[PDB]
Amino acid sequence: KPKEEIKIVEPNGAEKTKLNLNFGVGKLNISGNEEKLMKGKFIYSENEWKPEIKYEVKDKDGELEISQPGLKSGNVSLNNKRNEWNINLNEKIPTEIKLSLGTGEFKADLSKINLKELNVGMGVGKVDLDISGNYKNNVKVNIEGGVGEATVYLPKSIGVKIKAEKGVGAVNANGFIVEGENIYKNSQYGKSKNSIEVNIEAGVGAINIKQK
């Protein structure tokens, strides 16, 4: 039986959330649908993977950090082990998210979050992100992957521009306007007051961009 834990964070004066996640291996799932700042359920089969949470409010910014203890490691055998983080985030508070993911699968619905910035690094694995919200300010998204696939869902209603670069692999961007070298946009870009600027880099793997 793996360990299971719930963690709940109240804002305690924060007016912005800065979420910083360091995740070595496994499955990370993020959504909205939380009343407090964040609620998470963490499942881990190895005691060494026990997540470490730090939260402080500095000058109205709630700095929330969640880290899987590094295994500096030689080998880890993954069969029959489990490491899963399932996180629910507040939908109203202005939010920046930074993720460093070693290996595994990252899935996030951020369409209901008051998102300002997202930075994702992934070593080996998959990223699937719904950032198709009607955001009420400009949004900056940076995604960088080593080996694996990244899929991003973007809104039709606000302007989007994506710079998508791969080493070896394909950019699948049907229904987007193609601009010169590695730039993709929707029809709203340049027209809506608000926009999402997206940079996506993949070493080896596919980049799939879709409107939703």
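From 1 onward, residues are counted along the sequence shown.
Of the two segments examined, 174-182 and 161-169, it is 174-182 that shows the higher average Cα temperature factor in the deposited entry. If you average the C-alpha B-factors over 132-140 and over 80-88, the higher value belongs to 132-140.
Taking the PDB entry at face value, the top CA B factor among 60, 27, 41, 36 belongs to 60. Taking the PDB entry at face value, the top CA B factor among 47, 31, 67, 151 belongs to 47. Ranked against the other modelled residues of its chain, the C-alpha B-factor of residue 12 as given in the entry falls in the highest third.
Ranked within its chain, residue 75 lands in the highest third, by CA B factor from the PDB record.
The PDB entry assigns residue 195 a C-alpha temperature factor belonging to the highest third of its chain's modelled residues.
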